[PDB]
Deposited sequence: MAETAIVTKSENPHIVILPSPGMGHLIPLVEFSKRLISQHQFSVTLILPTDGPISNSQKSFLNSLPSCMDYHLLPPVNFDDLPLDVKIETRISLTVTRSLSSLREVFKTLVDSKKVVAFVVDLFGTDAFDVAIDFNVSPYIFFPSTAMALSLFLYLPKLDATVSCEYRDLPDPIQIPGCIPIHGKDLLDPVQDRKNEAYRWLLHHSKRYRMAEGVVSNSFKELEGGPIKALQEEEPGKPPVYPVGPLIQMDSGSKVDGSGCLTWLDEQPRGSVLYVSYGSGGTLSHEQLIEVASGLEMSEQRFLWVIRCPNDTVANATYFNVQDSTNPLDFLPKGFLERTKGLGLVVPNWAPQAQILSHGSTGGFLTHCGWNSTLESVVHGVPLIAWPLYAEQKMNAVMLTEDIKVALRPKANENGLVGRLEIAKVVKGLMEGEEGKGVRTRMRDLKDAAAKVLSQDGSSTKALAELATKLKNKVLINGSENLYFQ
């Protein structure tokens, strides 16, 4: 029977997308079969049910019974929620894992960055545990480095005067480290230390990056050390392609490389004030834009938005007349857009992104230069390497209070689409687009790393 792999994503579609591509390439290139075990905290949406019921043939899934979070404070950090989703699911995971081991030749149990507590079931059934790291190699280096870092400094990382030196990475200031390490007293940092200390138990770590993108970190990560698992960089793992919003029909009416795509992520929120400056900044830029807009996290006190203070329609928070005035140049789509297809469209010449790694990789595979606007999670770390190391992103400056003025926005937008500053990022992003195609080619470095992993796992049966 085929060598079988069991995969446990952490809650969140952002983690699921890259894991499904990893499975698809293991199935197509090395004749694996895959089971996706999904913890839940409630009912799944209809869109999720469709995505799951349209998975490839040799890939099935099993949904665990929902965990209850009524005890968690409303201020609970997501990393705490994710971690607790695994521990509170271990009983039902154990039952499901039993049946798989009885019926299939299970050669590996792949968890993601916050699933180390599922190692105990893997060990109990004599299945090699693996970690899929859905983010950057720099972030992966930081995880492996964190037990040492945590012991070298006890103050909050923001208060460190000098930049933190992660092995093999560009120096980065503590204030730019990922969110769950910004408050060392929060359960989120404790959970992160818990998992990172347990990365040594993994037989391997799959990294969603490639060498042309992060040669420094990957080189440091692959240097052997006792207690350090081997690292397989197999990226870019993105849903690579070959419309109820009418986005793509609109893009068909625009010239080539002329539209700035704007998305602040699925969870990214701006202050209403900041949202106003973004809308106004896009108008002052005089460029074409496609903006997937979501509601702001608060409302400005101006009377113009007194009747929509409680509105859930994102379009109600725009400056009055903004849509009328920009109808020819800009398309504003509310809440969700066909991103992958938008970044593949030839009329897209730029992407103002929150620097989520899946969005970043999709933009890299399609060669779309970036304006980096990090918001949460590890996005500030990603912005730094994108702006200062890889140099494929422009970054607007904010005032003392973190407000990016309409003028700075208009400047960076024009800078990316027309200005001298955007010439180099566009060029370097095209070189990375070609690099992404090389590493995923027949003899590419990421295709070979996946084959190295596939060989090790098949040699267990």
Report summary line: Deposited seq positions with no alpha-carbon in the coordinates run 1 to 10, 253 to 256, 476 to 486
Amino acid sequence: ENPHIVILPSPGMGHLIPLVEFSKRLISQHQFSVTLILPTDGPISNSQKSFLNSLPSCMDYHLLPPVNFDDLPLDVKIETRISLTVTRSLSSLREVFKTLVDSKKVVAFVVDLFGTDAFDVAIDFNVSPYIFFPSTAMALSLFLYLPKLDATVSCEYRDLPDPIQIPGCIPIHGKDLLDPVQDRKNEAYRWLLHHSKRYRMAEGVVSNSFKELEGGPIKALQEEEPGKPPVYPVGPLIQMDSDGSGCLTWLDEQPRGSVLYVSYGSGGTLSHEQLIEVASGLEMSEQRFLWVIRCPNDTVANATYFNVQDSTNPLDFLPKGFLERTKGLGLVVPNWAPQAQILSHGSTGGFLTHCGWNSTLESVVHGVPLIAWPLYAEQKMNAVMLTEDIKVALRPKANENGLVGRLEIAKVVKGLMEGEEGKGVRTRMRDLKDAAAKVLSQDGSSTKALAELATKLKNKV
From here on, numbers count along this sequence of modelled residues.
Requested in this report: Mind pulling up the entry and telling me whether 383 to 391 or 312 to 320 has the higher mean Cα temperature factor?
Outcome: 312 to 320
Query - Mean C-alpha B-factor comparison - 321 to 329 and 126 to 134, higher one - result: 321 to 329
Query raised in the report: If you check the C-alpha B-factor for each of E187, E362, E378, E225 in the entry, which is highest?
Result: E225
Query raised in the report: Based on the PDB record, which member of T299, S92, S263, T116 exhibits the highest Cα temperature factor?
Result: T299
Query raised in the report: Where does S207 sit by CA temperature factor within its chain: lowest, middle or highest third?
Result: lowest
Query raised in the report: Which third of the chain holds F143 when residues are ordered by C-alpha B factor: lowest, middle or highest?
Result: lowest
Query - Cα B factor band for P334 (lowest, middle or highest third within the chain) - result: highest
Report task. Place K105 in the lowest, middle or highest third of its chain's C-alpha B-factors, as listed in the PDB entry. Result -> highest
Report task. Looking at the entry's B-factor column for C-alpha atoms only, identify whether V461 ranks in the lowest, middle or highest third of its chain. Result -> highest
